[PDB]
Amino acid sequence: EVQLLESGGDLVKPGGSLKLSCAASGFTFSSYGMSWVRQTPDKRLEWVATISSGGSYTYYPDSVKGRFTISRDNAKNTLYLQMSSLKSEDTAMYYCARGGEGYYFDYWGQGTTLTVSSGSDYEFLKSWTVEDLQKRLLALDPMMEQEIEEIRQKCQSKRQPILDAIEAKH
């Protein structure tokens, strides 16, 4: 069947650059205009770029025009998005989608995430020993584990009454 699979998301500093890829299969990729759509942390959807089927024409909104470049390889069934001069506001989930060019988006990928870091200056850390830096890292691990465990526990609290109701009906 039709499949779109994005890759390339990463953590990047403001002003940096990154290139996303989307592997397309299960349809004649070169026949279709293709697009990128992003979803920001507030869950708003924003169209980012469309490329014509042949690759000759591209379209962008003013928010990314001049910084983003959409491209394609019709023999290799791949769509690309090169993002430059990245800003904090570019942090989002980026979806590959079939459509644009006068059509709705009928197939969407799984998304790949771009995180643009804060841009704060951590120069003072250079004055620290490697031992003190490693201890600061080791202290973040249980903090992440605890926040993950808290989500897992909240999830279970939602699952348990449903699991119980399913079993009660057999």
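Note that residue numbering follows the sequence shown and begins at 1.
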- [ ] Would you determine, from the values in the PDB entry, which of 125-133 and 38-46 has the greater average C-alpha temperature factor?
- [x] 125-133
TODO: Quick one: say whether 27-35 or 141-149 has the higher mean Cα B-factor in the deposited entry.
DONE: 141-149
Task: Modelled-residue ranking by C-alpha temperature factor, third containing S88 - done: highest
TODO: Select lowest, middle or highest to describe the third in which the CA B-factor of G119 falls within its chain in this entry.
DONE: highest
Task: Modelled-residue ranking by C-alpha temperature factor, third containing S53 - done: middle
